[PDB]
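Right, one structure below, let's go through it.
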Amino acid sequence: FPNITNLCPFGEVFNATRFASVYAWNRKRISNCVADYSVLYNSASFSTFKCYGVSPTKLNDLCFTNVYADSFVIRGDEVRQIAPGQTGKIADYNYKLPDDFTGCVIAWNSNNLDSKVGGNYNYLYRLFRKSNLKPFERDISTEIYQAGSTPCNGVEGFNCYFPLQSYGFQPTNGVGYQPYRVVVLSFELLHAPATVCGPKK
Amino acid sequence: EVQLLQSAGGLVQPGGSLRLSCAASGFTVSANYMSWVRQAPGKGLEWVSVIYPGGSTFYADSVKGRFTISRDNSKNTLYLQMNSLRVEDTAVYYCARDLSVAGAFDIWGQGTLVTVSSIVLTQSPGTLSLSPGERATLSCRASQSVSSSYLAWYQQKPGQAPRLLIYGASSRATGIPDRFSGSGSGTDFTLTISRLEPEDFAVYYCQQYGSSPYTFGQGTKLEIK
Ligand SMILES: *[C@@H]1O[C@H](CO)[C@@H](O)[C@H](O)[C@H]1NC(C)=O
């Protein structure tokens with residue numbers, strides 16, 4: 001490898017400004033650059049760096065073919081449902097983890113940066129669906145989930161309910177009712193020659 | 001005309017096997033949340049089980065593993081198999097659909113009775129015996145201080161099934177008269193009935209959702225001095 005290809009845009013994933021809600025999860029593939037992971041385990045702001053897969057110490061000795069960073073804003077104690085195989089209101093009709101999700105998951109802490117005195121009403125989450133989502137899949141089609149057998153041509157009423165409900169965020173204690181931020185780094189195994197190794201000599 | 005019929009009124013031998021049944025009357029069970037709750041006579045209500053669309057199963061904290069709830073779309077049933085049953089498990093086993101965010105337990109079943117061998121939520125006021133012609137105040141406090149709209153209210157009736165009064169502490173359910181009001185925020189909520197009517201003397205409960213296993217209040221009965 002040459003001296004340095006380019007600094008990875010990976011810092012922007014952690015310290016960007018605007019994030020997407022859980023219903024529309026956003027992704028970003030990291031292109032060819034020298035891996036910069038030494039600044040992760042040394043930071044004290046991280047408190048949920050628990051992840052199953054490769055060792056959390058031999059990060060500079062890895063050459064995964066391609067890496068993705070996925071971001072969402074699931075709130076509070078709902079984070080723990082992200083694990084190698086779980087079910088629930090979040091990992092049923094939203095972000096789902098397979099048994100081969102090699103990589104790691106990172107959680108943040110919420111503050112006045114993502115909050116409002118009046119409240120937040122621009123954040124949505126899926127609550128009604130008809131089947132479990134396949135891993136790493138999204139379903140964006142929101143008219144009616146047809147709870148009843150009556151026609152649901154688009155009239156709000158009995159047996160025809162909306163499938164999306166807005167989050168409600170207010171300044172509170174914050175144990176499990178704050179807009180936490182969760183990102184997932186996902187690695188691939190082998191489809192192309194390795195490009196993101198991080199040696200220097 | 002949604003109806004939920006049940007048939008479980010049978011005495012059970014010690015360590016016996018029973019099978020309850022909840023049917024449907026127009027709405028498919030494969031597209032909506034379902035829940036089984038325990039009445040626990042002599043005390044407040046409590047939670048038993050929840051089935052999501054899909055078919056993931058959530059059980060209460062007191063009981064682990066032994067409860068076996070099953071869903072049958074072929075006959076449109078919400079079966080629950082009671083295995084070997086121990087002491088202090090005699091209560092009613094209501095079943096109801098769940099729309100927690102938008103309307104909490106709008107329609108319930110009818111109830112049953114199973115015999116035996118041979119978040120900190122509290123509600124303050126109490127009986128508060130009064131007379132018709134004025135209003136009243138019912139206060140429901142909480143220890144966790146749920147933020148905005150995850151608390152609802154229910155009304156009991158002797159021999160009947162629980163009904164819905166207000167969902168999310170902001171708007172009442174359909175068919176509710178305009179004499180019921182609710183307010184409050186932060187830690188406690190207040191509910192008021194104006195122009196008391198003879199068809200209003202009933203026990204009121206406050207329930208919390210959108211959190212750890214759902215909890216109801218102990219019970220506030222209204223009586224005439
Ligand atoms: C964002 O925050 C991290 C850690 O708090 C810091 O290292 C970085 O310089 C900040 N800015 C950017 C653009 O990443």
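Computed from the coordinates by the stated procedures, all read-outs in this text should not be read as laboratory data. All Cβ positions, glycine included, derive from the backbone under ideal geometry; neighbour counts span all protein chains shown.
Quick rundown of the values:
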read-out: Filter result for the condition that a residue is among the small types (G, A, S) and in contact with a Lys or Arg (Cβ under 8 Å, 6 or more places away or on another chain), over B:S171, B:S124; value: B:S124
read-out: Subset of segment A:81-112 [within 14 Å of chain B (Cβ to nearest Cβ) and either among the aromatic types (F, W, Y) or closer than 19 Å to A:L189 by Cα (or both)]; value: A:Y93
read-out: Leading residue by the ranking (farthest from the chain's Cα centre (by Cα)) among those in segment B:18-39 that are among the hydroxyl-bearing types (S, T, Y) and within 20 Å of B:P213 (Cβ to Cβ); value: B:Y33
read-out: Segment A:52-91, subset part of a loop (DSSP other than H, G, I, E, B) and under 14 Å from the mean Cα position of the chain (by Cα), residue surrounded by the fewest Cβ atoms within 10 Å (Cβ to Cβ); value: A:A83
read-out: Residue pairs meeting the criteria (Cβ under 7 Å; at least 6 apart or on separate chains; first within 30 Å of A:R129 (Cα to Cα), in segment A:8-28; second aliphatic (A, V, I, L, M) and within 11 Å of the ligand (Cβ to nearest atom)); value: A:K28/A:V13
read-out: Index of the failed condition, A:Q86 passing every other in (1) in contact with a helix residue (DSSP H, G or I) (Cβ under 9 Å, 6 or more places away or on another chain); (2) farther than 30 Å from B:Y52 by Cβ; value: (2)
read-out: Qualifying positions in segment A:117-142 - exposed (fewer than 13 other Cβ atoms within 10 Å of the Cβ) and within 14 Å of chain B (Cβ to nearest Cβ); value: A:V117, A:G118, A:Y121, A:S131, A:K134
read-out: Residues within segment A:143-152 that are crowded, with 17+ Cβ neighbours inside 10 Å and more than 10 Å from chain B (Cβ to nearest Cβ), tallied; value: 2
read-out: Selected residue [surrounded by fewer than 16 Cβ atoms within 10 Å (Cβ to Cβ), assigned to a loop (DSSP other than H, G, I, E, B) and not polar (S, T, N, Q)] from B:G103, B:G111, B:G54, B:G26; value: B:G26
read-out: Residue check for A:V155: more than 11 Å from chain B (Cβ to nearest Cβ), touching a strand residue (DSSP E or B) at 6+ places or on another chain (Cβ under 9 Å) and among the β-branched types (V, I, T); value: no
read-out: Members of segment A:3-36 that are within 13 Å of the ligand (Cβ to nearest atom) and either within 14 Å of another protein chain (Cβ to nearest Cβ) or part of a loop (DSSP other than H, G, I, E, B) (or both); value: A:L7, A:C8, A:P9, A:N15, A:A16, A:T17, A:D36
read-out: Those residues of segment A:1-42 which are surrounded by 10 or more Cβ atoms within 10 Å (Cβ to Cβ) and of a type in the set (S, T, Y), in sequence order; value: A:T5, A:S21, A:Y23, A:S31, A:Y37, A:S38, A:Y41
read-out: Test: residue in segment A:96-115 that is away from the ligand (no atom under 16 Å from the Cβ) and in contact with a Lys or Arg (Cβ under 8 Å, 6 or more places away or on another chain); value: yes
